[PDB]
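Single chain ahead, by itself, as structure tokens, in the form deposited in one PDB entry.
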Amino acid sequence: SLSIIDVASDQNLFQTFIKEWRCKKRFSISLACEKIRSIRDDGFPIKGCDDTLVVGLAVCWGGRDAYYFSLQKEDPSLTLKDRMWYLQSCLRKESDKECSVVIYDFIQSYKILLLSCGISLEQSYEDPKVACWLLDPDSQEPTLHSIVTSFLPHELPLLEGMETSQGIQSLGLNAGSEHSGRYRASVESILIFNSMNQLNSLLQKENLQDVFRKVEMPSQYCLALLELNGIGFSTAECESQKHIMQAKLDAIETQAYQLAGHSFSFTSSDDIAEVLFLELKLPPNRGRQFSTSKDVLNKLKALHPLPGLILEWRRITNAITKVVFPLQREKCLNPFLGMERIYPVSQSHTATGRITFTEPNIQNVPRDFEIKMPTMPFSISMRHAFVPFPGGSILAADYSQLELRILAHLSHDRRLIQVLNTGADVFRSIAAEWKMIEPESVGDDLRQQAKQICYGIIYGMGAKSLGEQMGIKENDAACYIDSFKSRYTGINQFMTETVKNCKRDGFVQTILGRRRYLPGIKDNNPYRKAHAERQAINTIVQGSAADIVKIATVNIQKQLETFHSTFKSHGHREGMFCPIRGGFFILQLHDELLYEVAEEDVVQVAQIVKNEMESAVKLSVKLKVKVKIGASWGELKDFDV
């Protein structure tokens, strides 16, 4: 049954444990976290919540043995200094010592080990959660109990009465359900080592271990570093943007109240519909009798401008309560950098394979949009609020149209490869063809509309929605659909091949092999089947783009680790002088790698990032990037050097 060995009680036992740890090439370390129970005696205070504390580690290199490395200050021969030195030495990789450390919730445990314990993990990582996601990307978030049930059933009764292993977070890190951190961490290590061995066998069966250990887990390490750095924030810039946005919101509200007389509430869809359709003419679209989406008011723009006022009000409100308040709320402070950063929580459990940041979402920050504030547009830019550290600069690296290049790779579209290799900007060409204007005289918003039209046609947009977005008839939209499909015959061939392969195999394989299972391809409902086909087409391209982005991130992290000898992260600086000099991955936009590169190495790291992103996994189409240097995320001036 349970077998926990206190390696911090006897000197000879400690030395034997250290020797066995050094001899072994695969660990299962885990973190024991309890309540304060009240500081500096019970253990290291974990950064963030002040009600939790770390007590020690639990290592299990096979079997039920759960050697517990106690970090408690209460064997006098083993002081904190020598114990921590041994822990760091055994957790440091050197002289080609292959060691696969297995850690549940690797990102959070890495952050805890660095920020509180001051221990820099440098070995390989084998997060069981990441392997579980790799097996079933579109499945729900893998709880500890879920992995134990689905991969290690025989060890299930060891979790008897352990209901704390249900809230996503590992039982080792939470402090509820009693179960003092010793037993919790030890049993957690026992569970995760064997479940990760089973996960490795399954990965070998599915031929997914190479991607798991070469790109997926190194990208998880890069995301951990991202979480320790965190995207920048300026506070004052966001305050100014909020003040201007609120002033414009008040002006719009007063103008609308003057126009319509009464004080109808914008937030109420029923009130808006009543004041628009059944009271002030404004014939409806094709209570809640009439739809009141953004598209409806956008269509009703040639009429009197109240729908435009409501659209501006809605956009400003969405920017002010969904993007401004969350940033001002979940905003931290970094005393070492002297500036107010904000650390998002990364999540790689997305369906296609992208990385999305929660609490808050830095990716869904609306870009620069002009506002009509009479006094010419103020061009409200709250991405301006994401300033880097003083003496640094954002070094964003956005791929030239990435799903297009990956499409041309996996289509054998001679036309598309020819167009993309010799830069022609397919989206600008589409805008020029649609609007009959010259390709050199197309605005940014027209370019974005053309890009969303092209991607829609790629991903099976219907004629009705195509005509609705493009402002043309159903027949004209269908004719445009056939014109686009015939122009790129390889794209259509790839679409049919994708649908056939997803129907035959039940899943779709990414460029490296991170298969996504789509049983809906066998659905009988026509809408569900069509959605499954479209999401399979989008998976093999979008997940491939995210996987290429992860490879580029891994390569850039490697190159900025060998070069620019310094701490690998701001959290590394906090745990363990001189000006800042490094890359410091801060944010990802599913095709764009924002880096908090210092001013001294702006050119060098810019060249390194561009080279490692272009020289990443190569296709029949050259992968182009547009490195943009900015004093913030707003003024990203082009950087072709």
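Residues carry their position along the shown sequence, with the first being 1.
There is another form of the same protein, the form solved in complex with a small molecule; it is not shown, and what comes next is about it.
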Requested in this report: Tell me, please, which stretch of 184 to 192, 132 to 140, 231 to 239, 477 to 485 lies within 4.5 angstroms of the small molecule in the deposited complex when heavy atoms are compared?
Outcome: 477 to 485
Query - Proximity of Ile457 to the small molecule in the deposited complex, heavy atoms at 4.5 Å - result: yes
Query raised in the report: So in the deposited complex, does any heavy atom of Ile453 sit within 4.5 Å of the small molecule?
Result: yes
Report task. Give a yes/no on whether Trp434 approaches the small molecule to within 4.5 Å in the deposited complex, heavy atoms considered. Result -> yes
Requested in this report: Mark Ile316 yes when one of its heavy atoms lies within 4.5 Å of a heavy atom of the small molecule in the deposited complex, and no otherwise.
Outcome: no
Query raised in the report: Does the trio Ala32, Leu53 and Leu57 actually contact the small molecule in the deposited complex, every residue with a heavy atom within 4.5 Å?
Result: no
Query - in the deposited complex, the one of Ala463, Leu202, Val211, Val419 near the small molecule [non-hydrogen atom within 4.5 angstroms] - result: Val419
Report task. Let me know the one among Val426, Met217, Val296, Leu446 whose heavy atoms come within 4.5 Å of the small molecule in the deposited complex, would you? Result -> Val426
